[PDB]
Amino acid sequence: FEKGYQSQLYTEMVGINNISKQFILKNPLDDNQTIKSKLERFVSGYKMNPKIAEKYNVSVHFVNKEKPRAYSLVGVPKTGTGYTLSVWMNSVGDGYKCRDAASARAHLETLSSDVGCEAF
């Protein structure tokens with residue numbers, strides 16, 4: 001069950017990524033400060049399937065505020081719910097299923113024992 005929920009989260013995040021890329025990143029003339037806050041408003045205000053929104057928070061992250069087109073999305077369970085499985089992904093399209101929220105916030109790419117993420 002929680003695995004099914006992590007799948008739908010994955011699929012929602014892909015949906016969010018695709019709209020971000022095609023409607024926000026694609027704007028020809030917005031400056032990097034504008035792209036960055038638009039990404040942040042859009043992502044943080046987006047309403048996932050209510051089954052999923054009840055259980056997960058989705059956020060967008062930047063290494064470099066001057067390269068906002070390089071961002072990742074982190075999907076993690078709401079605090080205190082007993083859920084652990086998480087997701088993260090690239091603006092470039094590489095996505096990951098993670099065994100815990102920490103590994104999603106760390107954008108890990110492989111598993112080790114039962115910690116980390118795998119390419120999906």
# chains A, B, ... in the order shown; residues from 1 in each chain; ligands from 1

$ residues_around --residues "residue 24 of chain A" --least-positions-apart "5" --cutoff "12 Å" --atoms "only C-alpha atoms" --output "PyMOL selection string"
chain A and resi 16-19+29-32+34-43+68-69+91

$ write_last_selection --atoms "N, CA, C and O atoms" --output "compact mmCIF listing (two decimals), in the first residue's frame"
# COMPACT_ATOMS: atom_id res chain seq x y z
N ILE A 16 4.11 17.50 -12.25
CA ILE A 16 4.63 18.80 -11.77
C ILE A 16 5.92 19.24 -12.49
O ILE A 16 6.03 20.39 -12.93
N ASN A 17 6.87 18.33 -12.63
CA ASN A 17 8.10 18.57 -13.41
C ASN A 17 7.78 19.00 -14.87
O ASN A 17 8.38 19.95 -15.41
N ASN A 18 6.86 18.31 -15.52
CA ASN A 18 6.61 18.60 -16.92
C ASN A 18 5.97 19.98 -17.12
O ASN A 18 6.29 20.68 -18.08
N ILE A 19 5.07 20.36 -16.23
CA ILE A 19 4.49 21.67 -16.30
C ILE A 19 5.51 22.77 -15.95
O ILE A 19 5.45 23.85 -16.51
N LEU A 29 11.94 35.08 -21.70
CA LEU A 29 12.53 36.33 -21.22
C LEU A 29 12.54 36.58 -19.68
O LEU A 29 13.26 37.48 -19.24
N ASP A 30 11.77 35.83 -18.87
CA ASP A 30 11.88 35.94 -17.41
C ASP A 30 13.37 35.82 -16.96
O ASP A 30 14.14 35.01 -17.51
N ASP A 31 13.75 36.62 -15.96
CA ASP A 31 15.07 36.54 -15.34
C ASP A 31 15.13 35.42 -14.29
O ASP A 31 14.10 34.82 -13.93
N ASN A 32 16.33 35.08 -13.85
CA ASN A 32 16.50 33.90 -12.99
C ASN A 32 15.83 34.02 -11.64
O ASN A 32 15.41 33.02 -11.06
N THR A 34 12.98 35.63 -11.22
CA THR A 34 11.59 35.39 -11.56
C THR A 34 11.26 33.91 -11.79
O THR A 34 10.24 33.40 -11.32
N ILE A 35 12.13 33.21 -12.51
CA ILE A 35 11.94 31.77 -12.73
C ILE A 35 11.95 31.06 -11.38
O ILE A 35 11.12 30.21 -11.12
N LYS A 36 12.91 31.40 -10.53
CA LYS A 36 13.07 30.75 -9.24
C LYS A 36 11.84 30.93 -8.35
O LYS A 36 11.33 29.95 -7.82
N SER A 37 11.34 32.16 -8.19
CA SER A 37 10.18 32.32 -7.31
C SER A 37 8.91 31.74 -7.91
O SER A 37 8.08 31.19 -7.19
N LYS A 38 8.75 31.88 -9.22
CA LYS A 38 7.66 31.16 -9.91
C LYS A 38 7.71 29.65 -9.68
O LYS A 38 6.70 29.05 -9.28
N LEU A 39 8.87 29.02 -9.82
CA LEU A 39 8.93 27.59 -9.54
C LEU A 39 8.44 27.28 -8.13
O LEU A 39 7.65 26.36 -7.92
N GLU A 40 8.96 28.05 -7.17
CA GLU A 40 8.65 27.91 -5.74
C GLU A 40 7.16 28.11 -5.44
O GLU A 40 6.58 27.36 -4.67
N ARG A 41 6.53 29.12 -6.01
CA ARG A 41 5.09 29.33 -5.83
C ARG A 41 4.29 28.22 -6.47
O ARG A 41 3.33 27.75 -5.91
N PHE A 42 4.66 27.85 -7.69
CA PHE A 42 3.88 26.89 -8.43
C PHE A 42 3.91 25.55 -7.71
O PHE A 42 2.88 24.98 -7.39
N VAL A 43 5.11 25.05 -7.47
CA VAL A 43 5.31 23.76 -6.79
C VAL A 43 4.67 23.69 -5.42
O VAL A 43 4.00 22.71 -5.08
N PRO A 68 18.45 28.51 -12.10
CA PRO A 68 17.19 27.94 -11.60
C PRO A 68 16.62 26.82 -12.46
O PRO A 68 15.81 26.05 -11.98
N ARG A 69 17.03 26.73 -13.73
CA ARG A 69 16.58 25.64 -14.60
C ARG A 69 17.13 24.31 -14.17
O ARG A 69 16.56 23.26 -14.53
N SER A 91 15.18 18.42 -12.88
CA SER A 91 14.50 19.09 -13.99
C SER A 91 14.82 18.48 -15.30
O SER A 91 14.17 18.80 -16.28

$ closest_atom_pairs --of "segment 25-60 of chain A" --to "segment 97-118 of chain A" --cutoff "12 Å" --atoms "only C-alpha atoms" --output "CSV"
residue,atom,partner,partner_atom,distance
A:56,CA,A:101,CA,10.5
A:57,CA,A:101,CA,10.6
A:58,CA,A:104,CA,11.0
A:59,CA,A:105,CA,9.9
A:60,CA,A:105,CA,10.5

$ write_last_selection --atoms "N, CA, C and O atoms" --output "compact mmCIF listing (two decimals), in the first residue's frame"
# COMPACT_ATOMS: atom_id res chain seq x y z
N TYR A 56 1.80 13.49 1.55
CA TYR A 56 3.12 13.94 1.10
C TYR A 56 3.22 15.44 0.94
O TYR A 56 2.25 16.08 0.59
N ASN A 57 4.42 15.98 1.20
CA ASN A 57 4.78 17.35 0.77
C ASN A 57 5.76 17.36 -0.42
O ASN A 57 6.71 16.59 -0.46
N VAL A 58 5.51 18.20 -1.41
CA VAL A 58 6.44 18.33 -2.52
C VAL A 58 7.11 19.72 -2.52
O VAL A 58 6.45 20.76 -2.32
N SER A 59 8.43 19.76 -2.69
CA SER A 59 9.14 21.05 -2.69
C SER A 59 10.18 21.04 -3.80
O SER A 59 10.55 19.95 -4.24
N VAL A 60 10.65 22.22 -4.23
CA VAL A 60 11.63 22.40 -5.33
C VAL A 60 12.92 23.04 -4.75
O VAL A 60 12.89 23.86 -3.82

$ closest_residue --among "A:21, A:55, A:47, A:65" --to "residue 85 of chain A" --atoms "only C-alpha atoms"
A:55

$ select_by_dssp --residues "segment 1-74 of chain A" --states "strand (DSSP E or B)" --output "PyMOL selection string"
chain A and resi 56-62+71-74

$ atom_distance --atom1 "atom CA of residue 25 of chain A" --atom2 "atom CA of residue 64 of chain A"
14.9 Å
